[PDB]
Structures are given as structure tokens and as C-alpha cells.
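Below is one structure; the comments refer to it alone.
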Amino acid sequence: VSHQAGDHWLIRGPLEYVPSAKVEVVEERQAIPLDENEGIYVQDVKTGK
Amino acid sequence: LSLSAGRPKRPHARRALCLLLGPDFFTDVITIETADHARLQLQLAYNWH
Amino acid sequence: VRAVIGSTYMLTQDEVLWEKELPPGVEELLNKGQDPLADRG
Ligand SMILES: Nc1ncnc2c1ncn2[C@@H]1O[C@H](COP(=O)(O)OP(=O)(O)O)[C@@H](O)[C@H]1O
């Protein structure tokens with residue numbers, strides 16, 4: 001997939017990653033465990049919702 | 001819901017989020033007076049739903 | 001001046017944030033008071 005000079009994108013899964021020379025790791029994330037009838041409020045800062 | 005509570009019921013003494021619909025009673029202390037001017041104090045209870 | 005409502009927004013060129021004043025005591029009603037239905041004391 002092609003990216004542009006300011007993009008962000010999340011990489012997930014069971015895998016092994018080495019950073020490219022033109023890619024920056026900015027953060028590590030964990031899936032948040034949720035039982036049925038339990039949740040969290042998320043904001044999409046791109047669209048505001 | 002801000003509700004009345006107390007022996008001689010006062011407004012704004014209880015607060016709730018659910019309305020208890022179901023059959024209960026509440027109890028009040030009244031002061032009445034007779035055609036003879038005998039001042040009486042009553043203990044009453046009201047079965048409601 | 002206009003109100004812009006609803007989505008994430010970047011002020012374009014030659015646009016600035018505008019402060020909206022409220023008449024004396026209006027602010028308390030809006031926040032300190034808020035709902036009159038929930039409590040009346
Ligand atoms: N969350 C609620 N929703 C609806 N009614 C309620 C709630 N909590 C209490 N009540 C009713 O409000 C009344 C408050 O009076 P209370 O002081 O409890 O009377 P008593 O002196 O008989 O205990 C009670 O009868 C109770 O049934």
C-alpha cells in the first residue's frame with residue numbers, strides 16, 4: 001500500500017516488523033478487552049464523531 | 001427524580017434515577033381538627049401502585 | 001461572524017475565533033443552575 005509524507009496507519013497482528021528507513025514508530029497499542037454488554041466511547045478525531 | 005421523604009414528609013429529601021412503579025406503601029403524619037376544635041394527630045399509610 | 005457546528009474544522013485563511021459575550025447572570029443559569037426540573041431548592 002502506498003502512503004504519503006504525513007500519513008498515519010496502524011499495523012496489527014501476529015507478525016515481525018522492522019521499521020523502514022522512511023517510517024517512524026510513534027506508539028504501541030493494545031486491544032482493549034470488552035465483554036458483551038460492556039464498552040468504551042471512541043472519538044474519530046479525523047471526522048469529529 | 002427528586003422525591004419527598006421523612007416522617008412529616010418534606011419535599012426534596014430523596015433522589016433517584018428509577019421510578020419504583022411497584023406496589024408499596026408510604027406513611028404520613030397528619031394534623032386534623034374536629035367540629036369541636038379537638039386537635040388530633042394521625043398516623044396514616046397509603047398503598048399505591 | 002457565524003456558528004460552525006458539527007465536524008472537525010480548521011479555520012481557513014482570514015478567519016479567527018470569535019468570543020460571544022453573555023448578559024450579566026446568564027452564565028450562572030446556563031451552568032451553575034442548569035436543569036430546574038431535577039432540583040428545586
Ligand atoms: N427510587 C424510587 N422511585 C420511586 N419511589 C421511591 C424511590 N425510593 C423511594 N420511593 C418511595 O418514596 C417513599 C419515601 O417515603 P419514606 O420516607 O420511605 O416512607 P416511610 O417513612 O414509610 O419509609 C417511599 O414510600 C418509597 O416507596
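Just so we're on the same page: first chain in the C-alpha cells is A, next is B, and so on; residues restart at 1 for each chain, and ligands are numbered from 1 in the order they show up.
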
**Message:** If the cut-off is 10 Å, can you tell me the residues of chain B near chain C, counting only C-alpha atoms? I'd like them as a VMD selection string.
**Reply:** chain B and resid 1 to 3 11 to 12 15

**Request:** Compile the contact shell of residue A:48 as a PyMOL selection string: residues with an atom at most 9 Å away, counting only C-alpha atoms, same-chain residues fewer than 2 positions apart removed.
**Result:** (chain A and resi 43-46) or (chain C and resi 6-9)

Let's have the selection written as a short mmCIF file (atom, residue, chain, number, x, y, z; two decimals), in the first residue's frame, with N, CA, C and O atoms.
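Resulting contents of out.cif:
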```cif
data_model
loop_
_atom_site.label_atom_id
_atom_site.label_comp_id
_atom_site.auth_asym_id
_atom_site.auth_seq_id
_atom_site.Cartn_x
_atom_site.Cartn_y
_atom_site.Cartn_z
N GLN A 43 -13.61 8.51 19.95
CA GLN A 43 -13.78 9.65 19.06
C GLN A 43 -12.93 9.47 17.81
O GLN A 43 -11.75 9.12 17.90
N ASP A 44 -13.52 9.73 16.66
CA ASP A 44 -12.79 9.77 15.40
C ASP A 44 -12.32 11.20 15.16
O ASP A 44 -13.07 12.01 14.62
N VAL A 45 -11.09 11.51 15.56
CA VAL A 45 -10.63 12.90 15.53
C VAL A 45 -10.53 13.41 14.10
O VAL A 45 -10.49 14.62 13.87
N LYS A 46 -10.49 12.52 13.12
CA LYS A 46 -10.49 12.97 11.73
C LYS A 46 -11.84 13.56 11.35
O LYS A 46 -11.90 14.62 10.72
N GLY C 6 -20.48 20.91 14.09
CA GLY C 6 -20.72 19.52 13.76
C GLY C 6 -19.57 18.61 13.42
O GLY C 6 -19.62 17.42 13.73
N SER C 7 -18.52 19.12 12.77
CA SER C 7 -17.41 18.29 12.34
C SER C 7 -16.10 18.96 12.72
O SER C 7 -16.06 20.14 13.07
N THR C 8 -15.03 18.19 12.63
CA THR C 8 -13.71 18.73 12.90
C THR C 8 -13.38 19.78 11.84
O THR C 8 -13.63 19.59 10.66
N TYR C 9 -12.83 20.91 12.29
CA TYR C 9 -12.75 22.10 11.45
C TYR C 9 -11.44 22.84 11.66
O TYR C 9 -11.02 23.09 12.79
#
```

Please report, as a Markdown table, each residue of chain B lying at most 10 Å from ligand 1, together with the nearest pair of atoms and the separation in Å rounded to one decimal; use only C-alpha atoms and all ligand atoms, and order rows by chain and ascending residue number.
```
| residue | atom | partner | partner_atom_place_in_ligand_line | distance |
| --- | --- | --- | --- | --- |
| B:1 | CA | ligand 1 | 3 (N) | 7.4 |
| B:2 | CA | ligand 1 | 2 (C) | 9.0 |
| B:3 | CA | ligand 1 | 12 (O) | 6.6 |
| B:4 | CA | ligand 1 | 14 (C) | 6.0 |
| B:5 | CA | ligand 1 | 17 (O) | 4.0 |
| B:6 | CA | ligand 1 | 17 (O) | 4.5 |
| B:7 | CA | ligand 1 | 21 (O) | 5.5 |
| B:8 | CA | ligand 1 | 21 (O) | 8.6 |
| B:9 | CA | ligand 1 | 17 (O) | 7.2 |
| B:10 | CA | ligand 1 | 17 (O) | 9.2 |
| B:13 | CA | ligand 1 | 17 (O) | 8.6 |
| B:14 | CA | ligand 1 | 8 (N) | 7.1 |
| B:15 | CA | ligand 1 | 1 (N) | 7.0 |
| B:16 | CA | ligand 1 | 1 (N) | 4.5 |
| B:17 | CA | ligand 1 | 1 (N) | 6.3 |
| B:18 | CA | ligand 1 | 1 (N) | 5.0 |
| B:19 | CA | ligand 1 | 3 (N) | 3.7 |
| B:20 | CA | ligand 1 | 4 (C) | 3.7 |
| B:21 | CA | ligand 1 | 4 (C) | 6.6 |
| B:22 | CA | ligand 1 | 27 (O) | 8.6 |
| B:23 | CA | ligand 1 | 27 (O) | 8.4 |
| B:24 | CA | ligand 1 | 27 (O) | 5.6 |
| B:25 | CA | ligand 1 | 25 (O) | 5.2 |
| B:26 | CA | ligand 1 | 25 (O) | 3.7 |
| B:27 | CA | ligand 1 | 22 (O) | 4.4 |
| B:28 | CA | ligand 1 | 21 (O) | 7.1 |
| B:29 | CA | ligand 1 | 21 (O) | 9.6 |
| B:44 | CA | ligand 1 | 22 (O) | 9.6 |
| B:45 | CA | ligand 1 | 22 (O) | 7.5 |
| B:46 | CA | ligand 1 | 25 (O) | 8.5 |
| B:47 | CA | ligand 1 | 25 (O) | 9.0 |
| B:48 | CA | ligand 1 | 25 (O) | 8.9 |
| B:49 | CA | ligand 1 | 27 (O) | 9.8 |
```

**Request:** Extract, using only C-alpha atoms, all DNA, RNA and protein residues at most 10 Å from residue A:10, discarding same-chain residues fewer than 5 positions from it, and format them as a list in words.
**Result:** residues 25, 27, 28 and 29 of chain A
